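Encoded as structure tokens, the following chain is the form deposited in one PDB entry, with no partner shown.
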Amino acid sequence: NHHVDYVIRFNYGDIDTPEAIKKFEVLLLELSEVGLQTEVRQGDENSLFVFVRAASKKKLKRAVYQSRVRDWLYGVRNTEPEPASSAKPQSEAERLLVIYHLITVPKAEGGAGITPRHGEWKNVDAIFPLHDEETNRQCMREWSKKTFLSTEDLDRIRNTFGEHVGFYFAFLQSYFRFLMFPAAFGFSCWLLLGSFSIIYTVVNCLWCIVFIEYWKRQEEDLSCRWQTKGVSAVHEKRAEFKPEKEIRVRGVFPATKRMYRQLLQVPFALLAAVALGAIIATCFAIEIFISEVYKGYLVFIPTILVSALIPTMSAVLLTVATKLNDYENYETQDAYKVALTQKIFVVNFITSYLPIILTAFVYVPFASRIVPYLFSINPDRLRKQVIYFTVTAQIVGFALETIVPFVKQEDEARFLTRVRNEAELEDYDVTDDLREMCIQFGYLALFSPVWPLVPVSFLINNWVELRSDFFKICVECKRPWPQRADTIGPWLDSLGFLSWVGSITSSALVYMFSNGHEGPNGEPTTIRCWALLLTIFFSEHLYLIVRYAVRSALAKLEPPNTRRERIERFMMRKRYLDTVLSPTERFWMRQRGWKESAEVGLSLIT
């Protein structure tokens, strides 16, 4: 890579020439005044990117010791900072993270001011590091053959690509690994019993409880292991944040006003729910009427209708959620990303689980009681849609995930072109992959009693998807900068909610389908709503009781890295304490020493 850390794509297309060269000179002054060596090279037809390297080894050592000092002070490291003359960077992640903080974190603390495209420049499109292609191809061809990734492999996806990708890859490993028990139980139940089986439903809800509690425990242990536990204290501030007052330099904003702006989440959620429910239910009723009332060239209208109407409405809701998320201030980038993710999860929940719920609950149980207003319903509609969403939708999702973007794409002559064709790749966001895994866990927690080969299909697809996501990161994207994290984000409570409703939906399914597969064949006159709500009541409360039992069991087992990170915070204070910090009386005149008190005791006992 010729020691090049970062590439800063300065643009000059839409900006006139003297303003562009003034912006360029002010960009290159703050890079030399922060300790970074710059080398400008010709970019695209209308761009000009500047390479960035730490200027000297002593400047890099002084800049990486003052980045270990800061997160030791803010309670992340819990052990003393190594001295600066012996403080070499541990890996590529620490070096690239220090260089990115020197580039982006503003001039109040000591870094440069470069915020990409937002506030003063509006020209620097991206600040991307370069790939380590030999190590990437070695890791790809090394663990394209192993059945399970080791902790050394997870530490290599920590040392490259940072910790925010390493937490996702450890989550995917600990999710493919824990899929083996419901995979074996689902194969056993689909071979032995039929679908809608009670022991498979209880086993599946117990497995979701156990997996969620074990991954909360493993997240705490892994954030203690990777020295990134309290990384919320050193989160990167943002320049879009507009403060009210200034109390000494941080620019505070009253959090109650942000709560009152956060209460717009409920009308946005109601609008998104009503609009997406109207579109999906209208498409579903159109498909039902056209396909089973009134043809082979006329069955294809509602599928093209959702394929050309759902992503447009979802992009409109994404725009409205972004415009509302800029209204609330959110001084850090992590709070903004978590708020945007919690906003789009409602759209993702409705878009992902509304067809299976109308077909499973509104379609199978009523249908005839409706169709005359517009029956001998198709009994395999629910099984066919679960089979579709689990197998064929995952096949086409893997297709449009990694095959379609691959088909879509002197001495420095090869390097200046490999950076140029790495400049056009896609910026990698790990929330999309966490979204895919969480929607998949939602399918497995909600509609697994229909067709219990769903965990088997998810096991095979997860083993393919781990390697495919690593191939996408190393090949089809720019390198993500080493972002740190402690959890996977709001996806933890998303997974808890997903399983939470799964405990209601699967129990309602195994109640109302315990008469066959056709379940409540059309018109519902048999289903007894006094027996449909009692099983939901008792199953949800047994779910909550067993979940409380498992969380109270797993809380009392301290993991080794947490038990080693609450001991070093005693050892550091013990080392601090050794390095520095160096009438009435006539009642007590009778018995002086402890021998005469024993004499009065023996004299009073005898």
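Start at 1 with the first residue shown and count on from there. We call the rigid core whatever largest set of C-alpha positions still superposes within 1.5 Å between the two forms.
- Per the records, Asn378 is modelled in every other compared entry, just as the shown structure includes it, so no third of them leave it out.
- In all of the other compared structures of this protein with flanking residues present, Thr359 is modelled, so it falls below the one-third mark for missing coordinates.
- Per the record, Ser582 and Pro583 are separated by a gap of 10 or more residues from the deposited sequence that were not modelled.
- Count the deposited residues lacking coordinates between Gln409 and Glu410 and you get 10 or more of them.
Quick note: we don't show the form deposited in another entry, though the next part is all about it.
- Per-residue Cα shift between this form and the one not shown after core alignment stays below 2 Å for all of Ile488, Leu172, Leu154, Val391 except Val391.
- Here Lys145 does not count as shifted, since its C-alpha moves by less than 2 Å between this form and the one not shown after the core is aligned.
- A displacement of 2 angstroms or greater separates the C-alpha positions of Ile460 between this form and the one not shown, with the rigid core held in common.
- After superposing the rigid core, the C-alpha of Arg551 moves by less than 2 Å between this form and the one not shown.
- In contrast to the form presented, in the other form the C-alpha positions of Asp469 and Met313 draw closer by 3 Å or more.
- Relative to what is shown, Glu240 and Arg484 are farther apart in the other form; their C-alpha atoms differ in spacing by at least 3 Å.
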